[PDB]
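*Asks:* Quick one: experimental structure and sequence below.
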Amino acid sequence: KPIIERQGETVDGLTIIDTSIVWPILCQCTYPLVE
Amino acid sequence: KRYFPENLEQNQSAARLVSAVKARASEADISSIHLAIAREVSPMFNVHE
């Protein structure tokens, strides 16, 4: 039994990588800079 | 029932292999099991296929 193996499963739901998450990072969110 | 199991049939790569084994399944009919063990030793007169 291999360690790194696509055992098609859902940890609810981390296997599903998603882009389009980059838009809130640039135009939505504020950072502590600019205690 | 436990031969398409092990968990992880909730994977959308299995869906095809899912039904292939399912449509190849039989039920544990008490008499049907005994007929397989008995046919192994019993002499025949008709050439079954």
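*Replies:* Done, it's in. Numbering: from 1, shown residues only, chains lettered A, B, ... in the order given.

*Asks:* how near is the residue nearest to residue B:32 when sequence neighbours are not counted to residue A:16?
*Replies:* Closest residue to residue B:32 apart from its sequence neighbours, by C-beta to C-beta, 6 or more residues apart in numbering or on different chains: residue B:26 at 7.6 Å. Yep, even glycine has a C-beta here, placed from its N, CA and C like the rest. From residue B:26 across to residue A:16, the span is 37 Å (C-beta to C-beta, to the nearest Å).

*Asks:* right, is the helix or strand that contains residue B:18 up against chain A?
*Replies:* Using DSSP states H and E, residue B:18 maps to helix B:15-22. No - judged by C-beta under 8 Å from any C-beta of the partner chain, helix B:15-22 stays clear of chain A, getting no closer than 10.0 Å.

*Asks:* Run through the neighbouring helices and strands of whichever helix or strand comes after that helix.
*Replies:* Per DSSP H and E, helix B:15-22 leads on to helix B:30-38 as the next helix or strand towards the C-terminus. In terms of contacts (3 or more C-beta pairs under 8 Å, 6 or more residues apart in numbering or on different chains; DSSP states H and E), helix B:30-38 is packed against no helix or strand at all.

*Asks:* circling back: return the backbone torsion pair for the residue nearest to residue B:32.
*Replies:* Dihedral pair for residue B:26: phi -130, psi 160, per degrees, to the nearest 10.

*Asks:* ok so, going back, how about residues contacting the helix holding residue B:18?
*Replies:* The contact list for helix B:15-22 (C-beta atoms under 8 Å, 6 or more residues apart in numbering or on different chains) reads B:3-4, B:9.
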